[PDB]
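Next up: a single chain in structure tokens, the form deposited without nicotinamide-adenine-dinucleotide.
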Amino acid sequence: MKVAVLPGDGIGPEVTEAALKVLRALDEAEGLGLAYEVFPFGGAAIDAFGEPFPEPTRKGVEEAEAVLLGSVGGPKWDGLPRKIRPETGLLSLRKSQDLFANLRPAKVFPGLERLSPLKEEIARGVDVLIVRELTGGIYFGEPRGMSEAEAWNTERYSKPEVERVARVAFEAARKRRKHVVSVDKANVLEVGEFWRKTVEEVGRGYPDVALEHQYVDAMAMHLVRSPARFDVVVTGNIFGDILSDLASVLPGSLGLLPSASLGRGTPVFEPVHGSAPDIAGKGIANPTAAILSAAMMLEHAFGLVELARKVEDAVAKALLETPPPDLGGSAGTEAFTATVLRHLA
């Protein structure tokens, strides 16, 4: 199990090490053959190397089986040339490994329905994975322009772009509850219609996985009214962006959320939360998102789904047993990682 570990900035070192504590603990207990090396990325790399993604890290990410990424970014680097800012190294990293699917799961863990914006009864059992196409669609479409008189942008998708994101949806669903919802605007848009028939054609290779389709405006409505009804959700890039952010607020605790970017090259697992420089070194940073990113790595980079589940369960019990300051408790980083390991043992 070859991991490139890119802690980054701020709380990045702290939360990344908490996830490595879970992983080393599983490696001793099951013999996963863990091997990892820590590499400079982000602001630390700009300061030490002069660019956020230097060639040592490029090579190390190139040679690894997965990246456990921390958090990148800081005011010190915010004014730099776009070429070398922290935010841009994240895009260089995605590009180098041709990652075309962002996976953002939102889950209301047992006993934390209290944190949801939705009423308990709706929040109970939500566990949905949003698969967002990353490389195409309107942010990248041509033709595009603006004049004094008008502006234009093109939502364009080819059969390969849809097909590849559809297979990561289908494959992900097999590792969870065997249901996929593809979301489109097939009733008004050619893109919609084309997307739908390409996912339905791809669906055929996955007989063991159910597929239905929803129009995006009905899908936003269901994500507030009955989000517990969904397992995996797949859609294009801008709708994936709108629907991953919609689903992200449903647990009501944004710092808990893990992320993964999957593609042709080395996959990247990271927390959705930023580098939170303001509390770096205090040992209060909530590691839940970084430990859950480690769990997504086991599931999606090594196929160790059952291990991923076990880690999630330990996290779930820990959030109840010694809630972090974010959930109104007092358990600092170490203390919280400890009760996860304590449930893991």
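Residue numbers here begin at 1 and follow the sequence given.
The same protein has a further form, the form solved in complex with nicotinamide-adenine-dinucleotide, not shown here; the description that follows concerns it.
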Students should find that, of 87, 171, 163, 231, the residue having a non-hydrogen atom no more than 4.5 angstroms from nicotinamide-adenine-dinucleotide in the bound PDB entry is 87
In this chain shown alone, the residue from 137, 74, 227, 251 with a heavy atom within 4.5 Å of nicotinamide-adenine-dinucleotide in the bound PDB entry is 74
Given that the partner is absent here, state which listed stretch (270 to 278, 148 to 156, 112 to 120, 163 to 171) has heavy atoms within 4.5 Å of nicotinamide-adenine-dinucleotide in the bound PDB entry.
-> 270 to 278
Evaluate residue 326 for contact with nicotinamide-adenine-dinucleotide in the bound PDB entry, applying a 4.5 angstroms cut-off between non-hydrogen atoms, and reply yes or no.
-> yes
Would residue 286 sit within 4.5 Å of nicotinamide-adenine-dinucleotide in the bound PDB entry, counting heavy atoms only?
-> yes
Report whether the minimum heavy atom distance between residue 255 and nicotinamide-adenine-dinucleotide in the bound PDB entry is within 4.5 Å.
-> yes
Contact flag, residue 11 vs nicotinamide-adenine-dinucleotide in the bound PDB entry, heavy atom cut 4.5 Å = yes
